[PDB]
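*Asks:* The structure follows.
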There are 2 protein chains.
Amino acid sequence: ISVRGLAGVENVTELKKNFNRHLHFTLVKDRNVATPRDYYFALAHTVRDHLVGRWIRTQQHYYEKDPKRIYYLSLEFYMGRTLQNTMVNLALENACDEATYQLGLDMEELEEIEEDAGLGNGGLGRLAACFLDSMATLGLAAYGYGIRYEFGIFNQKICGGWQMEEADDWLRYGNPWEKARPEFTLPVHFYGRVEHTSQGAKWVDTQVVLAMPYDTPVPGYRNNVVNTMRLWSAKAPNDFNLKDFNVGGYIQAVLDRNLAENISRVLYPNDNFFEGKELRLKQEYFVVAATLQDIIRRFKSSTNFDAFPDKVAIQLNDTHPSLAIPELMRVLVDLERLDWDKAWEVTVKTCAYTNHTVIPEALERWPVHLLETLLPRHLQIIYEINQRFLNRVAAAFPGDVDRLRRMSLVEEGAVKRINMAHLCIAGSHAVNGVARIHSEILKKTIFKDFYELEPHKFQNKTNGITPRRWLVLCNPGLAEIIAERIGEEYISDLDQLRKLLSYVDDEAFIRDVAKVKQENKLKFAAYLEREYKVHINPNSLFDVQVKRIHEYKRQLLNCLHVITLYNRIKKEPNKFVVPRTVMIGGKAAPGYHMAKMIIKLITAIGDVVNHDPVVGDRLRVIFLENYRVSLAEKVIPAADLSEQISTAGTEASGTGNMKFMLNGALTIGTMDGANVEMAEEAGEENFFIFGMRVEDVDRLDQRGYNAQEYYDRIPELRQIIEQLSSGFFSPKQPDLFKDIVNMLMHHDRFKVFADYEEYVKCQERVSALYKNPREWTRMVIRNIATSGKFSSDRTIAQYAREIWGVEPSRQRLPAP
Amino acid sequence: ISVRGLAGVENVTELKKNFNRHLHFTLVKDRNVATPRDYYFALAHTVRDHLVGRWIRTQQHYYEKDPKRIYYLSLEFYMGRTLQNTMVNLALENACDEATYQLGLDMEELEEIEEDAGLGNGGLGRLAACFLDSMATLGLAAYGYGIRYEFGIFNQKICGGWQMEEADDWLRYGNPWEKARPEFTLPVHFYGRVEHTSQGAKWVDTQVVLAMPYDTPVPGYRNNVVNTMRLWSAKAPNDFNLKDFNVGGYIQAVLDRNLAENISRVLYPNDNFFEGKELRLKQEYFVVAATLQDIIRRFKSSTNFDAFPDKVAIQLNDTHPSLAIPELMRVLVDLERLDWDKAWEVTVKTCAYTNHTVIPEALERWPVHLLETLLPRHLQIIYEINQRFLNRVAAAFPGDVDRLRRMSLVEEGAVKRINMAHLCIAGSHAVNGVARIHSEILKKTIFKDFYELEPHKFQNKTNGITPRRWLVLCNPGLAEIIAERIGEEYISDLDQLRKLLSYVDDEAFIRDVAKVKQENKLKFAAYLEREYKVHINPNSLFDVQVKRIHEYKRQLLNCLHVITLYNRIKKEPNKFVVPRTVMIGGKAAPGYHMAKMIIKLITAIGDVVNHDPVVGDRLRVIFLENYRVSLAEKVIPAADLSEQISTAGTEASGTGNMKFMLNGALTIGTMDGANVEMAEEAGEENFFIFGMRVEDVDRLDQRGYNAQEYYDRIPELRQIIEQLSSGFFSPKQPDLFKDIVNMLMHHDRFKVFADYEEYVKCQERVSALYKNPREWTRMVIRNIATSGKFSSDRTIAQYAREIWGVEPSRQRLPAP
Ligand SMILES: O=C(O)CCCCCCOc1c(Cl)cc(NC(=O)NC(=O)c2ccccc2Cl)cc1Cl
Ligand SMILES: O=C(O)CCCCCCOc1c(Cl)cc(NC(=O)NC(=O)c2ccccc2Cl)cc1Cl
């Protein structure tokens with residue numbers, strides 16, 4: 001079998017008895033009545049057993065050596081399943097495969113039983129998960145801090161072509177990976193008021209909610225390092241949430257506890273969109289308040305807080321955990337009694353902020369009346385921070401009164417708001433973008449004034465993905481043939497993939513690379529009929545666009561191309577065209593009307609196209625249901641063409657693009673986010689770039705975007721729009737897509753029409769190349785061999801050195 | 001050490017490594033950071049490991065042999081801690097004691113860490129728990145069915161002498177004894193409406209709530225039998241509780257799931273009192289609906305339901321699970337399509353009902369509009385049952401029109417109600433009382449008309465307690481000296497205690513019995529200062545009354561005696577009186593104003609009495625906080641005098657009385673409930689009986705109870721009442737106890753004054769005997785040696801033979 005580890009005689013035997021120990025003592029079942037779910041748990045407990053020994057010594061190790069600790073705060077950690085990933089990082093995969101085989105079970109069948117830990121929306125949360133893996137693999141004393149939602153991202157269902165949302169009760173049957181830690185439970189305060197006494201302000205009459213931590217192990221890749229991801233759960237105190245007496249009802253008081261505990265109940269399903277709800281703000285303060293107490297308690301052990309920044313680094317994944325800044329000041333000033341200036345120096349030195357987007361609707365601007373009621377003391381601290389900061393600005397730019405209001409953390413107008421992004425820049429010693437072009441846009445546009453004030457704060461850290469889950473785990477076949485030629489060191493040193501460049505003309509390698517992709521497509525095509533049912537052709541080109549549904553991602557632009565292909569076939573039926581299976585998948589936030597309308601359009605197109613006899617098997621339009629991490633692990637390795645077509649300047653970085661490049665797909669996209677660095681790495685000749693560059697978009701905005709012009713000059717485009725308008729795709733409801741057509745024609749913020757012509761022209765070129773298997777595969781080799789820069793191990797090493805001030809190490813911890 | 005088992009060489013070694021296995025792999029801790037709570041869990045998992053092997057074979061056994069199954073339905077199971085009880089029934093106590101000792105830990109200290117499973121209010125719920133233990137010990141294929149409340153009976157706190165209630169979050173840190181079983185999850189329906197079609201009625205448009213079962217092991221005493229207690233948890237479906245579309249909010253829909261799940265959130269804290277709230281009715285149907293589906297599924301395996309009653313017996317613990325009758329009919333008739341009459345014959349033959357009280361306010365009378373809305377089909381079935389039953393009555397008593405309305409299940413008046421007790425009698429083949437006198441009262445009074453209609457249904461089954469938890473567990477010292485003389489067979493054959501009668505004159509035994517009681521009192525006196533702090537004298541007579549606070553239990557009568565003792569001391573300070581420490585403990589339902597006023601009176605008396613220098617150590621009044629099962633295990637073995645002073649005819653049976661008799665306390669009480677059979681068993685000369693008999697109470701009611709008469713003729717009583725009235729016990733609030741005085745004088749339903757004189761006269765006699773250690777101990781021996789009849793093994797054997805139709809067996813199951 002492959003390089004999924006050794007299947008040692010002693011270890012396969014040991015594994016089997018432990019599997020049986022758990023099936024008996026843990027699941028209290030006997031072979032006779034054991035369900036595949038029982039078997040999955042017996043294995044999970046058996047595999048988990050192998051890392052507790054290492055988990056304990058890693059933590060004990062950091063206590064003894066006492067290195068600088070890295071705290072990654074995020075309201076999202078899109079982890080996915082954890083059984084296989086643990087086997088991989090522990091080199092247990094083959095031994096486990098063999099052992100379950102001897103026990104007469106199919107390991108792959110059991111793996112499918114594990115529920116995804118979908119505590120994330122998309123890119124932002126998956127990054128945090130890839131980062132955790134890399135920090136462990138690079139031997140960093142890092143902790144992931146977040147919220148333990150009992151309901152993660154909703155499960156998407158398609159009814160009559162429409163998306164239906166349903167609760168993701170991922171804890172229903174239990175989580176074998178987490179470990180509750182009821183000794184470090186902590187109190188978090190809300191509401192109350194501020195009393196200004198003689199020796200300081202006091203936050204008084206607050207409502208208390210407890211934060212209970214749950215630890216999940218994060219194993220490094222084959223180095224015996226197991227870090228921790230600590231997730232907080234909300235718990236109501238038993239006293240006041242019952243003890244605030246004088247009528248109301250005892251029963252009611254108890255039932256009302258589910259009011260303080262609602263804080264960790266569900267994840268907000270918004271991707272790149274801000275919703276100013278109180279529950280969201282509560283979650284944000286909750287994770288911040290509890291995490292900081294835990295961070296300081298650990299430090300107090302390790303009171304001059306001058307050394308605090310030398311032992312602590314806290315990274316802010318977006319502005320979601322931005323209250324960490326005024327909260328750190330509160331504790332230092334109100335509780336520890338440090339002077340403002342010393343406190344601020346410490347705060348700025350330990351905090352760092354990462355920006356993930358530039359769209360305005362994604363920006364966090366919290367109404368002042370909300371902060372005023374829920375966190376009175378924090379609002380005071382924010383005003384004081386703002387006051388001193390603006391004084392700095394005035395001193396630097398004398399008389400520049402407009403600059404002052406532009407830079408304020410407080411925004412005036414309808415209702416006063418607090419710009420959380422301005423708060424983060426002011427209280428952090430480093431601010432970074434997630435891709436070179438996004439980082440430049442931050443300096444030139446959005447945060448230009450701040451860059452002029454303190455240029456040294458702004459940096460770039462291009463995103464990356466973990467080659468463990470995103471290669472070895474999901475594509476063992478590709479990982480194996482690569483290993484046959486260059487060894488296994490590349491798994492933790494992706495740059496070595498470049499060595500594959502010298503096999504670009506190797507006849508055996510070209511055949512192998514092409515064979516694994518074929519086996520991957522056949523397996524996906526099978527899975528499709530198995531779990532979703534209705535056939536596809538594995539010989540066609542697999543055209544896939546999978547990511548959250550957004551107007552800026554332009555799934556709509558993809559739709560226009562699909563309809564074009566269809567119309568051309570209907571025009572010249574007996575003309576040869578390269579067969580394609582275009583798959584589009586992704587979730588739409590529940591309140592995002594337009595995004596939900598786009599899902600219906602995709603399914604509507606499929607209804608027409610998939611049942612037209614003249615089309616035959618030359619074109620199928622499929623909507624991939626419930627796109628999530630586990631589903632991504634299946635489609636990506638099977639894709640031929642990766643769609644990354646966002647309007648230039650809107651996708652900060654993207655990471656799915658990197659996943660496809662590493663797995664043998666060719667990319668068709670715009671010069672946006674990381675797409676630029678990828679084409680720069682592979683060579684533009686090995687990439688399918690099209691459309692407007694950032695500057696063309698700006699030129700168009702100066703002159704003014706008029707979709708009618710495009711509609712007027714392109715007959716094919718006009719024909720499509722008139723098809724949608726007349727009900728060609730919605731017979732029973734002819735005006736069903738009027739909102740889409742209306743928007744495309746009059747309020748398209750992302751100029752879909754502007755890139756239409758260059759997009760279908762470019763798609764013609766990919767079809768031309770696909771007709772030449774050998775050359776397509778050779779270009780594929782050029783992409784894979786050149787994807788090494790996009791490993792999160794490179795990203796993390798850069799954060800470590802340029803922001804945290806710590807040195808990565810690939811040293812194996814002293815055995816388990 | 002005692003007879004807590006053998007401390008085998010191989011087993012103490014095995015125990016230790018398993019303790020360490022769990023501390024490492026299960027608790028993921030290392031000796032260095034392990035908290036006593038971690039140690040408690042390591043041990044709990046180690047002990048639990050020893051019964052899973054037996055649990056599996058016991059269940060497998062019942063499947064193979066297929067005996068008649070006994071289903072005990074109760075909304076209450078007052079279990080208490082389970083670590084020690086499991087050790088005892090498995091004969092692991094010494095081995096575990098030795099092993100933890102070698103590991104350098106104190107087993108007793110770890111035991112105190114376990115949280116009580118307080119899923120009961122008092123007598124009714126503790127009975128169910130004693131019964132479960134006995135059914136396992138007698139080798140019966142029995143299952144306990146109930147609700148898994150996440151919050152059991154509230155924890156009682158005394159603030160300023162007042163009771164404060166606080167949420168009992170007993171699952172906070174986890175339950176090592178239960179095992180979730182997510183494969184047998186079941187749907188339960190609510191609301192909806194009834195469609196009458198062509199071939200039957202249909203319950204339609206219902207709201208669905210899921211019932212998830214959790215199994216807890218119930219080990220028999222040293223026979224390798226481990227039965228199951230299955231507790232249901234409410235879970236919201238992920239669909240409709242989200243899928244019923246058309247605006248409302250996605251977040252809100254998810255947060256609203258805690259509406260269907262509130263059904264199993266908290267136990268109603270009412271003891272012998274009915275509260276017609278909808279949530280209560282929902283809990284009642286919930287446990288019934290889920291249990292029945294599970295019972296029928298098991299039977300379908302084992303479709304002629306003629307054999308149903310031959311394989312199934314379901315016992316109703318009070319009327320709480322009474323909906324099992326119309327629910328069984330619904331399934332049989334609506335779903336299985338059996339004719340009414342065949343269905344009714346089956347239902348009556350499998351159901352049996354146990355009555356626990358005769359007070360009217362405890363009787364369940366559900367408003368028809370409530371049943372009409374929540375369970376429309378069940379109301380129809382109840383009307384049909386009533387119709388046919390009354391027809392039976394009319395046929396038997398022609399022209400007796402008043403008898404007809406008296407017997408109806410439907411009560412007319414203000415609002416129509418359904419008398420659940422009448423429902424149970426009609427649909428059950430057996431109805432029993434819980435003590436001989438209570439059973440006679442049922443036939444003569446409350447259910448007289450029903451008895452005349454079907455005399456064969458009415459039986460008696462005097463309650464009992466388990467000698468395992470209520471002797472061996474809580475009083476090993478007494479269990480040991482008994483064993484030294486008559487052996488160990490009495491633990492599962494309590495009648496053998498009679499053999500102790502021949503040692504009544506044994507000088508060594510008298511000294512031993514007296515010594516263990518002294519050691520018990522010293523340990524309790526210590527525990528008092530340890531956890532509650534404020535000294536007591538262990539040489540005094542321990543006068544204790546512990547049970548729920550109720551007007552019928554007459555804690556108030558106890559209070560009058562205490563005040564009398566105090567007043568007499570103040571009158572003749574230098575006169576000798578037998579020292580006493582009177583302890584009163586118990587919880588009051590949160591809405592029970594009078595009961596809460598009584599707790600304040602007790603603490604108020606203590607405030608005066610405990611600080612009067614003239615009194616010295618001759619009299620202390622102590623209120624035992626948070627009385628529960630674990631606290632009962634401590635006080636009872638230390639008590640000298642047991643107070644069972646309810647008004648004759650009000651306490652159905654009582655069980656605390658039996659606990660005290662078995663543990664060396666003498667009893668002062670009225671001829672009520674089981675007190676009558678206890679004095680009859682021990683000989684009235686060895687009991688301190690006083691007050692009115694049932695007949696005297698009735699004579700008084702005919703003539704009319706006038707408390708003033710007593711107040712007028714007894715100066716001591718008058719003096720007490722004037723002390724309460726003038727604020728002698730409440731200086732700052734002189735009229736604080738006006739409600740108590742007002743009630744005592746004008747609306748005393750339980751004639752406290754009527755038994756006052758005979759009560760203090762009798763108390764004088766117990767003090768006289770206490771002055772003679774040797775004779776007190778000899779009388780104590782007469783009680784213990786004669787308590788064997790009160791074992792739940794005797795009660796269960798009777799239920800088995802006279803109601804269920806099964807034969808008990810003390811046969812050891814074929815090893816683990
Ligand atoms: O194995 C097959 O291939 C199916 C054989 C079906 C024929 C009857 C088998 O007899 C059995 C056997 Cl072998 C085992 C069991 N039961 C538990 O293992 N386990 C439990 O019941 C159990 C499960 C969880 C928690 C507590 C318990 Cl006690 C119950 C019965 Cl009835
Ligand atoms: O034992 C004493 O007497 C106290 C000794 C204090 C001095 C430092 C000891 O060094 C240690 C040692 Cl020995 C052990 C640990 N940690 C775990 O065992 N266990 C965990 O951290 C742990 C606990 C639950 C779930 C997951 C983990 Cl990783 C952590 C550290 Cl820092």
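Going through the structure tokens in order, the chains are called A, B, and so on, while each chain numbers its residues from 1 and the ligands are numbered from 1 in the order shown.
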Hey, list the chain A side of the contact with chain B: 9 Å cut-off, only C-alpha atoms, answer as a VMD selection string.
*Replies:* chain A and resid 24 to 30 35 48 to 50 52 to 53 55 to 56 151 164 to 169 172 to 174 179 to 183 237 to 243 245 249 to 251 253 to 255 258 262 265 to 269 590 to 591
*Asks:* List as a list in words the protein and nucleic acid residues near stretch 691-703 of chain A, meaning an atom at most 9 Å away when only C-alpha atoms are counted, but skip any in the same chain fewer than 2 places from it.
*Replies:*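 With the cut-off at 9 Å, the set is residues 645, 647, 648, 649, 669, 670, 671, 672, 689, 705, 751, 754, 755, 756, 757, 758 and 759 of chain A.
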*Asks:* For the residues in the current selection, export N, CA and C atoms as a compact mmCIF listing (two decimals), in the first residue's frame.
*Replies:*
# COMPACT_ATOMS: atom_id res chain seq x y z
N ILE A 645 -12.80 33.48 -10.71
CA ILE A 645 -13.17 34.64 -11.51
C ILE A 645 -13.80 35.85 -10.84
N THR A 647 -14.14 39.75 -9.52
CA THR A 647 -13.79 41.02 -10.13
C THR A 647 -12.46 41.48 -9.52
N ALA A 648 -11.50 41.86 -10.37
CA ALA A 648 -10.19 42.30 -9.90
C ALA A 648 -10.26 43.30 -8.76
N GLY A 649 -9.57 42.98 -7.67
CA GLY A 649 -9.53 43.86 -6.51
C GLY A 649 -10.51 43.56 -5.39
N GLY A 669 -8.72 32.34 -14.35
CA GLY A 669 -9.13 33.39 -13.45
C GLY A 669 -8.66 34.78 -13.80
N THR A 670 -9.01 35.73 -12.94
CA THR A 670 -8.64 37.12 -13.12
C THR A 670 -7.38 37.42 -12.30
N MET A 671 -6.76 38.56 -12.55
CA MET A 671 -5.57 38.95 -11.80
C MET A 671 -6.06 39.54 -10.48
N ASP A 672 -6.49 38.65 -9.58
CA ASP A 672 -7.04 39.04 -8.29
C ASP A 672 -6.45 38.23 -7.14
N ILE A 689 -5.31 33.37 -17.58
CA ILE A 689 -5.73 34.68 -17.08
C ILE A 689 -6.53 35.47 -18.12
N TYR A 705 -19.71 52.82 -15.28
CA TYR A 705 -20.07 51.53 -15.85
C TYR A 705 -21.50 51.47 -16.35
N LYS A 751 -19.39 44.43 -12.31
CA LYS A 751 -19.29 44.44 -13.77
C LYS A 751 -19.09 43.09 -14.45
N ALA A 754 -18.64 43.34 -18.28
CA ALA A 754 -17.33 43.85 -18.70
C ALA A 754 -16.27 42.78 -18.96
N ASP A 755 -16.39 41.64 -18.28
CA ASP A 755 -15.42 40.56 -18.45
C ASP A 755 -15.96 39.38 -19.25
N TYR A 756 -17.20 39.49 -19.70
CA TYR A 756 -17.83 38.41 -20.44
C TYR A 756 -17.09 37.97 -21.71
N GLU A 757 -16.84 38.91 -22.61
CA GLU A 757 -16.15 38.59 -23.85
C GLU A 757 -14.80 37.91 -23.65
N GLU A 758 -13.94 38.51 -22.83
CA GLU A 758 -12.62 37.93 -22.59
C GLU A 758 -12.71 36.59 -21.87
N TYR A 759 -13.77 36.41 -21.09
CA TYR A 759 -13.96 35.17 -20.35
C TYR A 759 -14.30 33.98 -21.26
*Asks:* Identify, on the basis of only C-alpha atoms, every residue whose closest approach to residue B:220 does not exceed 7 Å; exclude the query and any residue fewer than 4 positions from it along the same chain; express the result as an MDAnalysis selection string.
*Replies:* chainID B and resid 89 133 136:137 224:226
*Asks:* Now that the selection is made, can you save its residues with N, CA, C and O atoms as a short mmCIF file (atom, residue, chain, number, x, y, z; two decimals), in the first residue's frame?
*Replies:*
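The result, written out as result-v6.cif:
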data_model
loop_
_atom_site.label_atom_id
_atom_site.label_comp_id
_atom_site.auth_asym_id
_atom_site.auth_seq_id
_atom_site.Cartn_x
_atom_site.Cartn_y
_atom_site.Cartn_z
N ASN B 89 -22.33 -3.63 45.70
CA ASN B 89 -23.01 -4.71 45.00
C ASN B 89 -22.09 -5.59 44.17
O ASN B 89 -22.49 -6.67 43.74
N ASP B 133 -33.09 -1.43 42.65
CA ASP B 133 -32.04 -2.19 43.31
C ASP B 133 -32.56 -3.59 43.65
O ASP B 133 -31.89 -4.60 43.40
N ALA B 136 -33.20 -5.96 40.57
CA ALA B 136 -31.94 -6.49 40.04
C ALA B 136 -31.45 -7.60 40.94
O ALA B 136 -31.01 -8.66 40.47
N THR B 137 -31.51 -7.36 42.24
CA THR B 137 -31.08 -8.34 43.22
C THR B 137 -31.95 -9.60 43.19
O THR B 137 -31.48 -10.68 43.54
N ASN B 224 -24.30 -10.78 39.78
CA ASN B 224 -23.88 -10.55 38.40
C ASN B 224 -24.99 -10.14 37.47
O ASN B 224 -24.90 -10.35 36.26
N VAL B 225 -26.05 -9.57 38.03
CA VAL B 225 -27.17 -9.11 37.23
C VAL B 225 -27.02 -7.59 37.20
O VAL B 225 -26.76 -6.96 38.23
N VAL B 226 -27.13 -7.01 36.01
CA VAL B 226 -27.06 -5.56 35.87
C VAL B 226 -28.22 -5.19 34.98
O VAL B 226 -28.23 -5.53 33.79
#
*Asks:* Closest to residue B:607 among B:561, B:778, B:593, B:620, using only C-alpha atoms?
*Replies:*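 Of B:561, B:778, B:593, B:620, the one nearest residue B:607 is B:620, counting only C-alpha atoms.
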*Asks:* Can you list, as a list in words, every protein, DNA or RNA residue that comes within 10 Å of residue B:63 when you count only C-alpha atoms, leaving out same-chain residues fewer than 3 positions away?
*Replies:*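 The residues that qualify are residues 57, 58, 59, 60, 66, 67, 141, 298, 301 and 302 of chain B.
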*Asks:* Quick one: residues within 7 Å of stretch 288-294 of chain A, only C-alpha atoms counted, chain neighbours fewer than 4 positions away excluded, as a PDB file with C-alpha atoms, in the first residue's frame?
*Replies:*
ATOM      1  CA  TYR A 145      -8.837  30.287  20.931  1.00  0.00           C
ATOM      2  CA  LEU A 186     -14.090  31.620  33.999  1.00  0.00           C
ATOM      3  CA  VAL A 188     -17.336  37.028  31.874  1.00  0.00           C
ATOM      4  CA  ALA A 211     -17.000  30.424  30.083  1.00  0.00           C
ATOM      5  CA  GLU A 284     -17.107  38.649  20.357  1.00  0.00           C
ATOM      6  CA  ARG A 298      -0.636  31.436  32.292  1.00  0.00           C
ATOM      7  CA  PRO A 321     -11.757  39.742  18.301  1.00  0.00           C
ATOM      8  CA  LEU A 323     -12.254  44.020  21.756  1.00  0.00           C
ATOM      9  CA  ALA A 324      -9.043  42.336  22.946  1.00  0.00           C
ATOM     10  CA  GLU A 327     -10.083  44.664  27.142  1.00  0.00           C
TER      11      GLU A 327
END
*Asks:* Which residues are close to residue A:450, i.e. within 8 Å by only C-alpha atoms, leaving aside same-chain residues fewer than 5 positions away? Reply as a list in words.
*Replies:* residues 407, 425 and 455 of chain A
*Asks:* Hey, can you check how far atom CA of residue B:613 sits from atom CA of residue B:573?
*Replies:*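 Result for atom CA of residue B:613 versus atom CA of residue B:573: 10.4 Å, one decimal.
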*Asks:* For a quick check of understanding, using only C-alpha atoms and all ligand atoms, which of A:440, A:38, A:495, A:722 has the smallest distance to ligand 1?
*Replies:* A:38
*Asks:* List the spatial neighbours of residue B:598 as number ranges by chain - criterion: any atom at most 10 Å away, only C-alpha atoms, same-chain residues fewer than 3 positions off excluded.
*Replies:* B: 162, 549-551, 554-556, 559, 588, 593-595, 601-604, 737, 740
*Asks:* Given the choices A:707, A:379, A:1, A:679, which gets closest to residue A:750 if the distance is worked out from only C-alpha atoms?
*Replies:*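 So, comparing all the options, the nearest one is A:707.
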*Asks:* Each residue of stretch 660-768 of chain A lying at most 10 Å from stretch 470-490 of chain A should get a row with its shortest atom-to-atom pair and the distance in Å to one decimal, counting only C-alpha atoms; could you produce that, ordered by chain and increasing number, as CSV?
*Replies:*
residue,atom,partner,partner_atom,distance
A:660,CA,A:470,CA,9.2
A:662,CA,A:471,CA,7.2
A:663,CA,A:471,CA,6.8
A:664,CA,A:478,CA,8.6
*Asks:* Take the selection from the previous step and output its residues with C-alpha atoms, as a short mmCIF file (atom, residue, chain, number, x, y, z; two decimals), in the first residue's frame.
*Replies:*
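Below you can see out01.cif, which holds the result:
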data_model
loop_
_atom_site.label_atom_id
_atom_site.label_comp_id
_atom_site.auth_asym_id
_atom_site.auth_seq_id
_atom_site.Cartn_x
_atom_site.Cartn_y
_atom_site.Cartn_z
CA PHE A 660 -6.74 23.24 -6.89
CA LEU A 662 -1.67 21.57 -5.74
CA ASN A 663 -4.06 18.85 -6.87
CA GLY A 664 -3.62 18.90 -10.64
#
*Asks:* If I take atom CA of residue A:101 and atom CA of residue A:15, how far is one from the other in Å, to one decimal?
*Replies:*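 We find that atom CA of residue A:101 and atom CA of residue A:15 lie 11.5 Å from each other.
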*Asks:* Per DSSP on the backbone, filter stretch 147-312 of chain B down to the residues in strand (DSSP E or B) and report them as a PyMOL selection string.
*Replies:* chain B and resi 147+151+155-159+162-166+179-180+186-190+193-197+200-204+207-219+226-235+266+312
*Asks:* Out of A:516, A:218, A:665, A:631, which residue has the shortest atom-to-atom distance to ligand 2 when counting only C-alpha atoms and all ligand atoms?
*Replies:*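 So, comparing all the options, the nearest one is A:218.
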*Asks:* Going by DSSP on the backbone, which bits of stretch 460-700 of chain B are helix (DSSP H, G or I)? Write them as a VMD selection string, please.
*Replies:* chain B and resid 468 to 473 476 to 486 489 to 492 494 to 503 507 to 532 555 to 571 593 to 609 629 to 638 656 to 662 675 to 682 684 to 686 694 to 700
*Asks:* Have a look at B:435, B:768, B:83, B:526 and name the one nearest to residue B:578; count only C-alpha atoms.
*Replies:*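 Closest to residue B:578 of all the choices is B:768.
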